[PDB]
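Report on one structure; see the data block that follows.
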Amino acid sequence: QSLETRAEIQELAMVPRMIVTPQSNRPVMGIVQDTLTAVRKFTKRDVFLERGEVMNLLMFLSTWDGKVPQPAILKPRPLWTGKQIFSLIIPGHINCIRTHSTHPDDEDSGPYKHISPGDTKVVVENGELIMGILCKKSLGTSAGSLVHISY
Amino acid sequence: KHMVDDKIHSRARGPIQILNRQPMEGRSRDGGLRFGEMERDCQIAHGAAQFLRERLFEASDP
Amino acid sequence: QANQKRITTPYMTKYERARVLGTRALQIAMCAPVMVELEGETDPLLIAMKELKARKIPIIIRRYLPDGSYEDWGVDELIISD
Amino acid sequence: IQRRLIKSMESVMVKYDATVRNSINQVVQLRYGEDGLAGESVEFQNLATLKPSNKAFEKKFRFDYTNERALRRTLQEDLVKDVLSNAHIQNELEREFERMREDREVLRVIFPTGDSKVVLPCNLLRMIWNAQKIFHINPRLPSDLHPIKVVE
Amino acid sequence: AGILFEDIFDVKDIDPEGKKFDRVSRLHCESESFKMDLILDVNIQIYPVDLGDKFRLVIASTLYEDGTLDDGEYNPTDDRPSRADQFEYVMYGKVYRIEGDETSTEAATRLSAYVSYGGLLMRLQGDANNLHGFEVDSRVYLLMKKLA
Amino acid sequence: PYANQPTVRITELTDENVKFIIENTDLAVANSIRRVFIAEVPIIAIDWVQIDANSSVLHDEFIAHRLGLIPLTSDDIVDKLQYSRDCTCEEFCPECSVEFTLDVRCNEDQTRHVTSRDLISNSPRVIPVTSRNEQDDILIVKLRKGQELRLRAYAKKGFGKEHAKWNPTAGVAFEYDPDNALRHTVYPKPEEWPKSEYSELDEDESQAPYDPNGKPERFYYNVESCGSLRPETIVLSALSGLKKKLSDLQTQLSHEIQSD
Amino acid sequence: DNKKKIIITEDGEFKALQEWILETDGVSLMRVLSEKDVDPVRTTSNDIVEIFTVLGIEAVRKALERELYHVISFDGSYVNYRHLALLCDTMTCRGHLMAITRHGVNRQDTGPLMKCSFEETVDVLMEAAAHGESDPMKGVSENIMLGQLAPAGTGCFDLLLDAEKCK
Amino acid sequence: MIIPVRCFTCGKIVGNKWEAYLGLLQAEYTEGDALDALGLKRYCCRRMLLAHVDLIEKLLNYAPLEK
Amino acid sequence: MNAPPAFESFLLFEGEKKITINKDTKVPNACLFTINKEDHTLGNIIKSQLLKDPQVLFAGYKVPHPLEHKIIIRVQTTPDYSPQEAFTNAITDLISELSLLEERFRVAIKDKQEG
Amino acid sequence: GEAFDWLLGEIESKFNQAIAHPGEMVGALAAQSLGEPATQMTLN
Ligand SMILES: [Zn+2]
Ligand SMILES: [Zn+2]
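The listed protein sequences correspond, in order, to chains A, B, C, D, E, F, G, H, I and J. Add 506 to a position in the first sequence, counting from 1, and you land on the number used in UniProt numbering. Add 1177 to a position in the second sequence, counting from 1, and you land on the number used in UniProt numbering. Add 45 to a position in the third sequence, counting from 1, and you land on the number used in UniProt numbering. Add 859 to a position in the fourth sequence, counting from 1, and you land on the number used in UniProt numbering. Add 1 to a position in the fifth sequence, counting from 1, and you land on the number used in UniProt numbering. For reference, each letter of the sixth sequence is one residue, going 2 to 134, 144 to 270 in UniProt numbering. Add 1314 to a position in the seventh sequence, counting from 1, and you land on the number used in UniProt numbering. With UniProt numbering, letter number 5 in the eighth sequence gets 5, and the count goes up by one each step, no holes. With UniProt numbering, letter number 63 in the ninth sequence gets 63, and the count goes up by one each step, no holes. Add 1061 to a position in the tenth sequence, counting from 1, and you land on the number used in UniProt numbering.
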């Protein structure tokens, strides 16, 4: 009921200032039920979006520079990938390495460490999801996730 | 039975109790919501001293 | 206490920022002169944040030490992070 | 239990001399968390010199200024010549390694179990990665960074 | 020209580890002119590829036949002569890793360029002579055509 | 850059439903037509009730709600009547509304079924569908000896966006690509799924081979009418309403462009 | 490995020696430590009171930190160490084991108004009356009761108008 | 308490089918065959007729307030 | 208590414009059309018709909130073209398509009732 | 050299940002941090 208390709440208790908790030095809020099941399905390797679908999704990016990205597949038909659109969602130029929950433990030893057959081993570079399926481990409330590194 | 219209409630300078001049209790009494001990502790952790004083002094019983 | 040697942090704390912004916003709302230029801002909080970014808030923070002494810092003397 | 804990610690606060004190002004901690750092900014990291063996520690952290061709692969020509010729620089790097070895023993007595997971303010590997990508560092070409500049 | 690499590959295996994704398939191929291994992720739904097929692969830095950089932005209303006209399957990705057999003292005899086409991953590994055009964090095109 | 040239093929036309196929149109056009069938095809329905006497076991709002959902023949009258918003009259007039009266009293020992046949209108063209000259009459309320219901309703022009009682459809079946050739669905086990009535596949084949160059064409419709409008009148009124929405939008667009 | 014997080999690697350890159902730390072939350096107990009686206040500080950490982390959870450290310093900063109860929290010199907020409101205020105790209004509870700005967060400092800068 | 007018799902009129439904049931139809005779082909309208409890018949066992 | 009248989804409030055009500054030759008291019914068809124009580089729409009753359609065209002109042509093409569809449905009904 | 200088500045700024602020009610914060997880761990 005063400008002083309003400024206090706006500078101390606002939700974005509350993303990381001092209790366990990690995010306290993360991506949750539908958005998490769907981002897992969306960042799978075989998710291909058509031009109209991509424009529909870009309508819902607030932080979009208005430039349609070059599709990952140009021929025989232009197709964007879910990782290619989440790369637009990912802010700044953050860099992050995670592993999808189904990541086999004997894959980081053998070959294909940097080209994962299962599309596990999340790698975000310069704010582009170079590879990997996003999940709780990448967008949840754990330490070192994309939301934490973004904050 | 739990419909929202029987639960929604708001207050801005309504009636107060007789003994301690604080907001009444309940929707039916047009009462205010309790800013309890745990809310006090939360706002102490926040460090919001003026908001804490507003809730526990100025919005209750100056 | 010797103002030549102030031991407290040269940064403005989050609480100092909060209270300074609230105080200056109330002062602006009570028709105090504004220290910065204004395009179309009419909200006292926006004007106070513009003054803080410009380092033109005429407030001194008196930080008390546990021993009882105090240190006076101008809002322009502190490092504003957020 | 929650109420009891709160009423026991409610007035403990970080003061402007950076000590943590209670209402009586008694000192509970000379610095918050023994390090004077807030818990939101710290994060998990790894101490790289804790677990490795003496041979591995030597091989990974001792700057080898004798292998001319390896330096030629890592550094530019003027840096290679300065590193190989100058002895002041070589002594600086030698003392750098000695200081890291002393740090290794300090870590070994701090963490008597070989657990390199630590919680520290700045994620140095992530910052190094950020610098690599911001300045377009080519990992395959020799660098123009003088190791003496790194030490200083 | 703007071509970083060109060769003819022969599909020697498809999904050795089993089908991981429905519309995407991993091809393990080998060329003949350069003896380069290739792991490639392709959308087999729109561009099916059978075992034993033979195709020409062209990693390029640009699609315009004349040396001219790309802006990385989608411009379907572009009437310039694009080399994608001469190919069937075209993808657009970025190099995210370059490995090699280099030592602390010796340079690399064999390189291994890794590219990601919006998540569809490729590894082109072989002699370092054929992979000087590849630089990490650099955008390239696939330009792949099937031949009989 | 220009319009489609859709074609139409009506495969069934009864008094109860119309089953047709639109080819060579976009899926958005087909679904907007489907949505307008439900939500922007006006009809006449009771939207004002005045209970003068109700001794029945259902309270007043129950009877009013129940009267609102009785379909009224709206075929040629709905285009002529105005919205009460647009009428320059008082609360009501014959240009924007239709008056109904209901007056029933159970004096006899058997239960009296107050049905839609008891809704007497001033307009002969706008009457309850069941009362039109088989299907029985919609039951408004059952009355016991000594119970009585006397009310006065007014029916208005509206569409399904405002209330489902102004929805003329009793189901709009809409389908496309009956054989999953565009793969807009992905069956985990395509053999487990029954075949569409519009499918053209031999029984061994579960779904059509995937069409990479395909687009949704050939949309199948089954527009069932609640009774107020004929099904073909629902479709024609839907097309006209969508076209007038677009025309009004273009008029306002032209004013905004020229004002800049 | 948390109970194995972690040594440093001559090559400099951490090696976990798999050795016999005993777990007792009672505690005599005083006696068990002073037994032949018993390690008097790593042998410990979970009874913090005995640790305080045998080893002292800093030993019980460390042991109490260990036991609270064990309770918190047993379900895989994690809490920043500064919170455990602050709780453990609160219980040990006065040289004795200060329980988080009325018997430990209302027995320190915190002021009668802070104490009445927690427990034993009437007994505390009556004791303060009988002994003429004075509350200096240093804590947050006392200021909150009197409707004054708590010396907490935004209240831990004062603001002054800068006359020379209003120009 | 009384048969709804429309089907909640599609909006098909079911109010005029309760009495016919009961007459078919006393005519030794099965509930499924009765629902087929009335033209309720979607399982939503079959739900409407098949799950209806005519409570109004019990409310009409009480004398009204006025004679 | 808080239920908006059902007509507020269809009816314009006094002084509220049916459509508003705002230049998009992020990219050139782009506009935002904020259309009040419409929903997916017109948004989807206008978007899909705009996608048929090769001079349209972007065509999308969104209902920013289902409880609110407006849509926003973003249209970007090639520099020689205009988003307002594209939007106008899309509406004209939809109107012509619906007129043709209506006439052909009338013909089909006449054939079906006759034989 | 440019990358290393930027890295040094970044480390310095982030470290100074990690320093605890005078006025933080670390005691109430610690009580909450230790009591909130207590509500999930098992009674038996
Ligand atoms: Zn009228
Ligand atoms: Zn139904």
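Note that CB positions come from ideal geometry on N, CA and C, so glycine has one too.
Near ligand 2: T587(A) beta-carbon under 7 Å from a heavy atom: Not a single heavy atom of ligand 2 lies less than 7 Å from the C-beta of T587(A).
Amino acids of chain A, ordered along the chain, whose beta-carbon sits closer than 7 Å to that of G60(I): The answer, in chain order, is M561, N562, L564, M565.
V107(I) at chain K interface by Cβ criterion, 8 Å: The structure shown contains no chain K; its protein chains are A, B, C, D, E, F, G, H, I and J.
Check: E96(F) C-beta below 7 Å from any heavy atom of ligand 1: Flag set: Cβ of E96(F) near ligand 1.
Identified DSSP bridge partners for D14(E): Bridge partners of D14(E): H29(E).
Contact set between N177(F) and chain H, taken where Cβ atoms lie within less than 7 Å: Here the neighbours are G11.
Cβ shell of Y90(E) (< 6 Å), same chain only, five flanking positions each side left out: Within the same chain, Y90(E) has close Cβ partners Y48, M145.
Opposing strand residues paired with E1327(G) [DSSP bridges]: Paired residues: none, contrary to the question.
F1228(B) at chain A interface by Cβ criterion, 8 Å: Taking Cβ atoms only, chain A reaches closer than 8 Å to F1228(B), which makes this a yes.
Own chain partners of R118(F) with C-beta closer than 8 Å, once the 5 adjacent residues on each side are dropped: Beyond the five residues adjoining it in sequence on each side, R118(F) comes within less than 8 Å, by CB distance, of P129, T131, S132, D147 in the same chain, given in chain order.
Beta-ladder partner(s) of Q888(D), from DSSP: Paired residues: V879(D).
Element boundaries [beta strand (DSSP E), containing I1321(G)]: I1321(G): member of the beta strand (DSSP E) spanning 1319-1322, first to last residue.
Backbone CA spacing between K112(I) and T179(F) [nearest angstrom]: If you take the alpha carbons of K112(I) and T179(F), they lie about 21 Å apart.
Nearest-angstrom Cα separation, counted from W570(A) out to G60(I): Between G60(I) and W570(A), the C-alpha separation is close to 13 Å.
Close Cβ partners of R1416(G) (< 6 Å) along its chain, the five nearest in sequence each way excluded: These residues qualify, in order along the chain: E1433, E1434.
Rounded separation between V653(A) and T647(A) - CA only: Rounded to the nearest angstrom, the gap between the Cα atoms of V653(A) and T647(A) is 8 Å.
Inter-residue Cα distance where the pair is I46(I) and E227(F): Rounded to whole angstroms, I46(I) to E227(F) spans 18 Å at the Cα level.
Exposure of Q1220(B), with buried meaning 16 or more beta-carbon neighbours within 10 Å: Buried.
Pick from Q87(E), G94(E), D86(E), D54(E) that is closest to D72(E), judged by C-alpha positions: With distances taken between Cα atoms, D72(E) lies closest to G94(E).
Exposure of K1184(B), with buried meaning 16 or more beta-carbon neighbours within 10 Å: Exposed is the call here.
Against chain A: residues of the region 87-111 of chain C by CB proximity under 8 Å: Listed in sequence order: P89, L90, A93.
Pair within 8 Å by beta-carbon distance, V14(H) and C45(H): With respect to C45(H), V14(H) sits close: the two C-beta atoms are nearer than 8 Å.
8 Å Cβ cutoff, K550(A) in contact with chain E: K550(A) counts as touching chain E.
Of the listed residues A1079(J), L1104(J), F1065(J), nearest to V901(D) (C-alpha basis): Ranking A1079(J), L1104(J), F1065(J) by Cα distance to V901(D) puts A1079(J) first.
Contacts that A877(D) makes with chain A (C-beta to C-beta distance below 8 Å): Within chain A, no residue has its beta carbon less than 8 Å from that of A877(D); the closest one is some 17 Å off.
Runs of alpha helix (DSSP H) wholly within the region 939-979 of chain D (minimum 4 residues, chain order): Within the region 939-979 of chain D, the runs of alpha helix (DSSP H) that reach at least 4 residues and sit entirely inside it are, in chain order, 946-969.
Neighbouring residues, chain F, relative to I47(E) (Cβ below 8 Å): Ordered by position in chain F, the residues that pass the 8 Å Cβ test against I47(E) are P222.
Nearest-angstrom beta carbon gap, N29(I) and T88(I) [assumed within contact, 8 Å]: At roughly 15 Å, the Cβ-Cβ gap does not stay under 8 Å, so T88(I) and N29(I) are not in contact.
Per-residue DSSP class, three states only, for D1183(B): Helix.
Within chain F, the residues that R6(H) reaches when beta carbons sit closer than 7 Å: Within 7 Å Cβ-Cβ: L70.
Beta-ladder partner(s) of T102(F), from DSSP: The bridge partners DSSP lists for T102(F) are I121(F), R162(F).
Residue-chain proximity (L1400(G), chain B), Cβ-Cβ < 8 Å: Taking Cβ atoms only, chain B never reaches closer than 8 Å to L1400(G), which makes this a no.
Span separating the alpha-carbon of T605(A) from that of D67(E): Looking at the two C-alpha atoms, the distance is approximately 41 Å.
Counted within 10 angstroms of its Cβ, other Cβ atoms place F135(E) as buried (16 or more) or exposed: It is buried - the Cβ of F135(E) has at least 16 other Cβ atoms within 10 Å.
DSSP bridge partner residues for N55(F) (one or two, in chain order): Paired residue(s): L159(F).
Residue-level contact to chain B via CB, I865(D), 8 Å cutoff: True, the Cβ-Cβ gap to chain B drops below 8 Å.
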